[PDB]
Structures are given as C-alpha cells and as structure tokens.
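Structure data follow from final_31.pdb (PDB, C-alpha atoms):
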ATOM      1  CA  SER A   1      42.481  36.885 129.756  1.00  0.00           C
ATOM      2  CA  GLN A   2      42.824  33.703 131.824  1.00  0.00           C
ATOM      3  CA  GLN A   3      46.622  34.022 131.909  1.00  0.00           C
ATOM      4  CA  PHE A   4      46.522  37.463 133.563  1.00  0.00           C
ATOM      5  CA  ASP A   5      43.486  36.857 135.803  1.00  0.00           C
ATOM      6  CA  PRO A   6      45.378  37.248 139.145  1.00  0.00           C
ATOM      7  CA  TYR A   7      46.323  40.810 138.125  1.00  0.00           C
ATOM      8  CA  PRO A   8      43.628  43.530 137.947  1.00  0.00           C
ATOM      9  CA  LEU A   9      45.556  46.128 135.940  1.00  0.00           C
ATOM     10  CA  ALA A  10      46.230  43.633 133.151  1.00  0.00           C
ATOM     11  CA  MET A  11      42.557  42.646 133.046  1.00  0.00           C
ATOM     12  CA  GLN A  12      41.459  46.284 132.821  1.00  0.00           C
ATOM     13  CA  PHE A  13      43.959  47.085 130.067  1.00  0.00           C
ATOM     14  CA  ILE A  14      42.968  43.989 128.079  1.00  0.00           C
ATOM     15  CA  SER A  15      39.289  44.815 128.639  1.00  0.00           C
ATOM     16  CA  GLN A  16      39.931  48.157 126.947  1.00  0.00           C
ATOM     17  CA  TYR A  17      40.613  46.274 123.681  1.00  0.00           C
ATOM     18  CA  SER A  18      38.161  44.616 121.300  1.00  0.00           C
ATOM     19  CA  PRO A  19      39.012  41.068 120.113  1.00  0.00           C
ATOM     20  CA  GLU A  20      39.615  42.424 116.596  1.00  0.00           C
ATOM     21  CA  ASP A  21      42.295  44.853 117.811  1.00  0.00           C
ATOM     22  CA  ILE A  22      45.154  42.728 119.226  1.00  0.00           C
ATOM     23  CA  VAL A  23      47.469  41.026 116.745  1.00  0.00           C
ATOM     24  CA  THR A  24      50.445  38.682 116.986  1.00  0.00           C
ATOM     25  CA  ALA A  25      53.559  39.239 114.886  1.00  0.00           C
ATOM     26  CA  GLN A  26      55.257  35.942 113.983  1.00  0.00           C
ATOM     27  CA  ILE A  27      58.818  37.057 113.262  1.00  0.00           C
ATOM     28  CA  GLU A  28      61.039  34.477 111.587  1.00  0.00           C
ATOM     29  CA  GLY A  29      63.951  33.491 113.796  1.00  0.00           C
ATOM     30  CA  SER A  30      66.540  33.531 111.021  1.00  0.00           C
ATOM     31  CA  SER A  31      67.765  36.825 109.606  1.00  0.00           C
ATOM     32  CA  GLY A  32      66.277  38.107 106.364  1.00  0.00           C
ATOM     33  CA  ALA A  33      69.577  39.394 104.951  1.00  0.00           C
ATOM     34  CA  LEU A  34      73.248  38.473 104.988  1.00  0.00           C
ATOM     35  CA  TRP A  35      75.422  40.022 107.697  1.00  0.00           C
ATOM     36  CA  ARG A  36      77.512  42.285 105.498  1.00  0.00           C
ATOM     37  CA  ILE A  37      80.570  43.541 107.379  1.00  0.00           C
ATOM     38  CA  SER A  38      84.083  44.589 106.442  1.00  0.00           C
ATOM     39  CA  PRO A  39      86.738  42.144 107.727  1.00  0.00           C
ATOM     40  CA  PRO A  40      88.702  44.961 109.417  1.00  0.00           C
ATOM     41  CA  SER A  41      85.522  46.000 111.215  1.00  0.00           C
ATOM     42  CA  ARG A  42      84.830  42.381 112.186  1.00  0.00           C
ATOM     43  CA  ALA A  43      88.334  42.140 113.659  1.00  0.00           C
ATOM     44  CA  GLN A  44      87.729  45.408 115.513  1.00  0.00           C
ATOM     45  CA  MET A  45      84.449  43.974 116.823  1.00  0.00           C
ATOM     46  CA  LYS A  46      86.223  40.861 118.103  1.00  0.00           C
ATOM     47  CA  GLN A  47      88.975  42.948 119.714  1.00  0.00           C
ATOM     48  CA  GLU A  48      86.350  45.123 121.413  1.00  0.00           C
TER      49      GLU A  48
ATOM     50  CA  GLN B   1      83.512  32.834 121.041  1.00  0.00           C
ATOM     51  CA  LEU B   2      80.638  32.734 118.549  1.00  0.00           C
ATOM     52  CA  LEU B   3      82.657  35.100 116.345  1.00  0.00           C
ATOM     53  CA  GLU B   4      85.382  32.424 116.365  1.00  0.00           C
ATOM     54  CA  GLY B   5      83.130  30.715 113.813  1.00  0.00           C
ATOM     55  CA  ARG B   6      82.741  27.311 115.465  1.00  0.00           C
ATOM     56  CA  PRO B   7      79.129  26.319 114.640  1.00  0.00           C
ATOM     57  CA  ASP B   8      78.489  24.586 117.970  1.00  0.00           C
ATOM     58  CA  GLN B   9      78.367  27.332 120.625  1.00  0.00           C
ATOM     59  CA  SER B  10      75.419  29.576 121.455  1.00  0.00           C
ATOM     60  CA  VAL B  11      74.852  32.511 123.797  1.00  0.00           C
ATOM     61  CA  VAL B  12      71.646  33.576 125.551  1.00  0.00           C
ATOM     62  CA  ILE B  13      71.062  37.172 126.664  1.00  0.00           C
ATOM     63  CA  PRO B  14      68.387  37.613 129.363  1.00  0.00           C
ATOM     64  CA  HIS B  15      65.537  40.123 129.247  1.00  0.00           C
ATOM     65  CA  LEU B  16      65.697  41.814 125.864  1.00  0.00           C
ATOM     66  CA  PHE B  17      62.466  40.698 124.154  1.00  0.00           C
ATOM     67  CA  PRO B  18      59.305  42.587 125.210  1.00  0.00           C
ATOM     68  CA  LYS B  19      56.470  40.250 124.275  1.00  0.00           C
ATOM     69  CA  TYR B  20      53.639  42.734 124.927  1.00  0.00           C
ATOM     70  CA  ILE B  21      53.727  46.036 123.028  1.00  0.00           C
ATOM     71  CA  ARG B  22      51.168  48.850 122.958  1.00  0.00           C
ATOM     72  CA  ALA B  23      50.688  50.487 119.546  1.00  0.00           C
ATOM     73  CA  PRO B  24      49.094  53.880 120.291  1.00  0.00           C
ATOM     74  CA  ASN B  25      47.752  56.476 117.886  1.00  0.00           C
ATOM     75  CA  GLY B  26      50.916  58.510 118.467  1.00  0.00           C
ATOM     76  CA  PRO B  27      54.349  58.175 116.879  1.00  0.00           C
ATOM     77  CA  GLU B  28      55.899  56.312 119.833  1.00  0.00           C
ATOM     78  CA  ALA B  29      55.071  52.728 120.746  1.00  0.00           C
ATOM     79  CA  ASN B  30      56.371  51.257 124.001  1.00  0.00           C
ATOM     80  CA  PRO B  31      56.095  48.108 126.139  1.00  0.00           C
ATOM     81  CA  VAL B  32      52.904  47.843 128.163  1.00  0.00           C
ATOM     82  CA  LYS B  33      53.275  48.901 131.795  1.00  0.00           C
ATOM     83  CA  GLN B  34      50.400  46.867 133.228  1.00  0.00           C
ATOM     84  CA  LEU B  35      50.965  43.462 131.605  1.00  0.00           C
ATOM     85  CA  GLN B  36      54.538  43.367 132.962  1.00  0.00           C
ATOM     86  CA  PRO B  37      55.137  45.693 135.910  1.00  0.00           C
ATOM     87  CA  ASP B  38      58.848  45.051 136.520  1.00  0.00           C
ATOM     88  CA  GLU B  39      59.695  46.448 133.042  1.00  0.00           C
ATOM     89  CA  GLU B  40      63.086  44.714 133.211  1.00  0.00           C
ATOM     90  CA  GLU B  41      62.601  41.220 134.712  1.00  0.00           C
ATOM     91  CA  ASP B  42      59.579  40.362 132.539  1.00  0.00           C
ATOM     92  CA  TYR B  43      61.271  40.470 129.126  1.00  0.00           C
ATOM     93  CA  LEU B  44      61.905  37.067 127.580  1.00  0.00           C
ATOM     94  CA  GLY B  45      65.473  35.919 127.101  1.00  0.00           C
ATOM     95  CA  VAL B  46      66.900  35.317 123.638  1.00  0.00           C
ATOM     96  CA  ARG B  47      69.562  32.908 122.374  1.00  0.00           C
ATOM     97  CA  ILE B  48      71.481  34.025 119.289  1.00  0.00           C
ATOM     98  CA  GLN B  49      73.514  31.890 116.888  1.00  0.00           C
ATOM     99  CA  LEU B  50      75.743  32.508 113.875  1.00  0.00           C
ATOM    100  CA  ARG B  51      75.319  30.333 110.773  1.00  0.00           C
ATOM    101  CA  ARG B  52      78.189  30.190 108.285  1.00  0.00           C
ATOM    102  CA  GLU B  53      78.036  28.719 104.791  1.00  0.00           C
ATOM    103  CA  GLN B  54      80.766  27.691 102.345  1.00  0.00           C
ATOM    104  CA  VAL B  55      81.010  29.548  99.042  1.00  0.00           C
ATOM    105  CA  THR B  56      91.291  34.521 104.125  1.00  0.00           C
ATOM    106  CA  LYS B  57      89.414  31.807 106.005  1.00  0.00           C
ATOM    107  CA  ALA B  58      87.178  34.295 107.829  1.00  0.00           C
ATOM    108  CA  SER B  59      86.081  36.030 104.609  1.00  0.00           C
ATOM    109  CA  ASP B  60      85.636  32.663 102.849  1.00  0.00           C
ATOM    110  CA  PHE B  61      82.078  32.148 104.137  1.00  0.00           C
ATOM    111  CA  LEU B  62      78.649  33.661 103.989  1.00  0.00           C
ATOM    112  CA  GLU B  63      77.132  34.219 107.407  1.00  0.00           C
ATOM    113  CA  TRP B  64      73.837  35.196 108.996  1.00  0.00           C
ATOM    114  CA  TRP B  65      72.566  35.402 112.559  1.00  0.00           C
ATOM    115  CA  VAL B  66      69.650  33.354 113.902  1.00  0.00           C
ATOM    116  CA  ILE B  67      67.393  34.418 116.785  1.00  0.00           C
ATOM    117  CA  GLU B  68      65.465  32.017 119.004  1.00  0.00           C
ATOM    118  CA  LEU B  69      63.549  32.372 122.247  1.00  0.00           C
ATOM    119  CA  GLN B  70      65.102  31.134 125.480  1.00  0.00           C
ATOM    120  CA  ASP B  71      62.587  28.269 125.755  1.00  0.00           C
ATOM    121  CA  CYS B  72      60.232  27.853 122.798  1.00  0.00           C
ATOM    122  CA  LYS B  73      57.297  25.566 122.074  1.00  0.00           C
ATOM    123  CA  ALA B  74      56.920  26.034 118.290  1.00  0.00           C
ATOM    124  CA  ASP B  75      60.083  24.942 116.477  1.00  0.00           C
ATOM    125  CA  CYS B  76      62.204  27.756 117.996  1.00  0.00           C
ATOM    126  CA  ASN B  77      62.354  29.318 114.514  1.00  0.00           C
ATOM    127  CA  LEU B  78      59.457  31.696 115.222  1.00  0.00           C
ATOM    128  CA  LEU B  79      59.261  34.590 117.681  1.00  0.00           C
ATOM    129  CA  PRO B  80      55.737  35.746 118.572  1.00  0.00           C
ATOM    130  CA  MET B  81      54.916  39.171 119.910  1.00  0.00           C
ATOM    131  CA  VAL B  82      51.541  40.492 121.052  1.00  0.00           C
ATOM    132  CA  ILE B  83      50.792  44.077 120.017  1.00  0.00           C
ATOM    133  CA  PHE B  84      47.675  46.049 120.948  1.00  0.00           C
ATOM    134  CA  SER B  85      46.343  48.453 118.324  1.00  0.00           C
ATOM    135  CA  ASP B  86      44.142  51.495 118.971  1.00  0.00           C
TER     136      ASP B  86
ATOM    137  CA  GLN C   1      91.794  53.647  98.743  1.00  0.00           C
ATOM    138  CA  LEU C   2      90.068  50.464  97.595  1.00  0.00           C
ATOM    139  CA  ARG C   3      90.947  47.162  99.284  1.00  0.00           C
ATOM    140  CA  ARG C   4      90.111  43.940  97.450  1.00  0.00           C
ATOM    141  CA  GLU C   5      90.185  40.448  98.934  1.00  0.00           C
ATOM    142  CA  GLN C   6      90.188  37.001  97.322  1.00  0.00           C
ATOM    143  CA  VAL C   7      87.238  34.706  97.983  1.00  0.00           C
ATOM    144  CA  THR C   8      84.326  37.217  86.088  1.00  0.00           C
ATOM    145  CA  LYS C   9      87.575  38.556  87.529  1.00  0.00           C
ATOM    146  CA  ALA C  10      85.977  41.805  88.720  1.00  0.00           C
ATOM    147  CA  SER C  11      83.192  40.013  90.623  1.00  0.00           C
ATOM    148  CA  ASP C  12      85.677  37.461  92.020  1.00  0.00           C
ATOM    149  CA  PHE C  13      86.691  39.656  94.974  1.00  0.00           C
ATOM    150  CA  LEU C  14      85.289  41.274  98.054  1.00  0.00           C
ATOM    151  CA  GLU C  15      86.060  44.970  98.263  1.00  0.00           C
ATOM    152  CA  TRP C  16      85.797  47.858 100.699  1.00  0.00           C
ATOM    153  CA  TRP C  17      86.946  51.469 100.670  1.00  0.00           C
ATOM    154  CA  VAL C  18      89.394  52.943 103.184  1.00  0.00           C
ATOM    155  CA  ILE C  19      89.512  56.615 104.206  1.00  0.00           C
ATOM    156  CA  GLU C  20      92.595  58.377 105.545  1.00  0.00           C
ATOM    157  CA  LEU C  21      93.498  61.989 106.209  1.00  0.00           C
ATOM    158  CA  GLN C  22      95.818  63.806 103.819  1.00  0.00           C
ATOM    159  CA  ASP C  23      98.623  63.927 106.412  1.00  0.00           C
ATOM    160  CA  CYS C  24      97.955  62.053 109.652  1.00  0.00           C
ATOM    161  CA  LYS C  25      99.860  61.661 112.906  1.00  0.00           C
ATOM    162  CA  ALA C  26      98.031  58.680 114.471  1.00  0.00           C
ATOM    163  CA  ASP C  27      98.321  55.604 112.248  1.00  0.00           C
ATOM    164  CA  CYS C  28      96.235  57.159 109.429  1.00  0.00           C
ATOM    165  CA  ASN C  29      93.493  54.639 110.272  1.00  0.00           C
ATOM    166  CA  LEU C  30      91.595  57.115 112.466  1.00  0.00           C
ATOM    167  CA  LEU C  31      89.819  60.333 111.489  1.00  0.00           C
ATOM    168  CA  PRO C  32      89.135  62.759 114.353  1.00  0.00           C
ATOM    169  CA  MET C  33      86.463  65.415 114.271  1.00  0.00           C
ATOM    170  CA  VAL C  34      85.715  68.063 116.892  1.00  0.00           C
ATOM    171  CA  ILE C  35      82.015  68.693 117.520  1.00  0.00           C
ATOM    172  CA  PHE C  36      80.580  71.297 119.893  1.00  0.00           C
ATOM    173  CA  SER C  37      77.398  70.340 121.738  1.00  0.00           C
ATOM    174  CA  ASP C  38      74.850  72.752 123.225  1.00  0.00           C
TER     175      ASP C  38
END

Since I need it in another form, could you write the structure as structure tokens?
Amino acid sequence: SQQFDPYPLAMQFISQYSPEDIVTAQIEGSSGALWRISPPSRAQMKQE
Amino acid sequence: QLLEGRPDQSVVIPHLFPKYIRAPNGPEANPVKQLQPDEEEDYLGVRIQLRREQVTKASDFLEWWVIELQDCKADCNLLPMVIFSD
Amino acid sequence: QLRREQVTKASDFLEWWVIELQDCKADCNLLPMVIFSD
C-alpha cells in the first residue's frame, strides 16, 4: 500500500482485496527441464 | 551470440515480465491496468543465460536456460510475481 | 527417415526423425501445405 500511495487507482484496486487474497509466486530462475532441440532446428534458429 | 555456446555472455530484454497480475473468476487473467498504467514501460526487464554441461561439439553438451531479473535483490535465482485472486 | 548422432549401443546416440515428400521439387527438406482461411 505504501509503495503505490501517490496513485489513487492503485490504492482503490488494492483496497478491493483482503490481505488473505493476494499471493506471490516465487518462480525459480533456472529452467525445470532440459532444452530439448534437434541440431538441425538449432542451426535453423541460429541462421534465423 | 549466446547460441555460440560461450558461457560468458548474457542478454537482457526490456519489458517482458509483468509483476502484477489479476486472477479473475473468468478463464482469462491479464496484467493489472491500475497498478501499471503504461502497460508497456512498466514491465520488468529480464536477462537470460544459457548453461551448458559436459556429458559434434554442439550436440556434445546438455543445456538449459536460466532466467533472472534485470536488477534483483534476492540471489537473482528467484523471480517474484504478485497475483491478486478473487 | 531416422537420423542418429554420436554423443548400451542403442542408447549411445541422439536421434531425430526426418520427414520428406514422396517426390519433391524444393530440396525435399520442406513440406508445403495449402490452407484456406475464412
């Protein structure tokens, strides 16, 4: 709330939400699976 | 240049990560209009890296991409996003 | 066609299938299809 205080629309929108309604998703930075790709398609990607 | 495989470069793309997302009761979420009115100059930048690993030189490695925020405070290995339920 | 590539002999290779038309005119590496929109 304090971050968006100088903006009224943000305060209204946040005010329309109860504390136990807004959640943060902590997504891991690294991928969760190997980047499978055919070498011809990788070469085509690099050429593109 | 990253696809060249040298594990020293890195590239940052501006304004692709919407930090604030509204999760409505409908089947279509979307970024919040009010929290970020420009809708294109308020998205955080993202720097992406490729990590190879030793097991035809190109196909001789495992590889996986890594995502980090443009300027992080917590270890740069974690991307937070705020989503509002309904 | 199946294309192998050198990195338990069967699991010692990478492999990926390749599709070509029966009788092509353009390099046989490209499959065209005509689709009509509406």

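Across the chains present, the ChimeraX specification (/A :<10) & /C applied to this file returns residues 5, 14, 15, 16 and 17 of chain C.
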
| task | For chain B, report every residue with an atom at most 12 Å from chain A (counting only C-alpha atoms), formatted as a PyMOL selection string. | result | chain B and resi 1-5+19-24+32-37+46-53+56-70+72+74-86

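Across the model, the gap from CA of residue 41 in chain A to CA of residue 8 in chain B is 23.5 Å.
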
| task | Using only C-alpha atoms, find the one residue out of B:38, B:54, B:43, B:73 that sits nearest to residue 16 in chain B. | result |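 Residue with the minimum atom-to-atom distance to residue 16 in chain B: B:43.
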
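With CA of residue 42 in chain B on one side and CA of residue 15 in chain B on the other, the separation reads 6.8 Å.
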
| field | Atomic separation - CA of residue 3 in chain A relative to CA of residue 12 in chain B, Å | value |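 Rounded to one decimal, the two atoms are 25.8 Å apart.
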
For range 14-32 of chain C, I'd like the enclosing box, axis-aligned and padded by 8 Å on every side, reported as AutoDock Vina command-line options with centre and edge lengths in Å to one decimal.
--center_x 92.6 --center_y 52.6 --center_z 106.3 --size_x 30.6 --size_y 38.7 --size_z 32.4

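Nearest residue to chain C, choosing from B:44, B:29, B:11, B:55 and counting all atoms listed in the file: B:55.
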
| task | Could you expand the PyMOL selection byres ((chain C and resi 19) around 9) into the explicit residues it covers here, written as an MDAnalysis selection string? | result | chainID C and resid 1 17:18 20:21 28:31
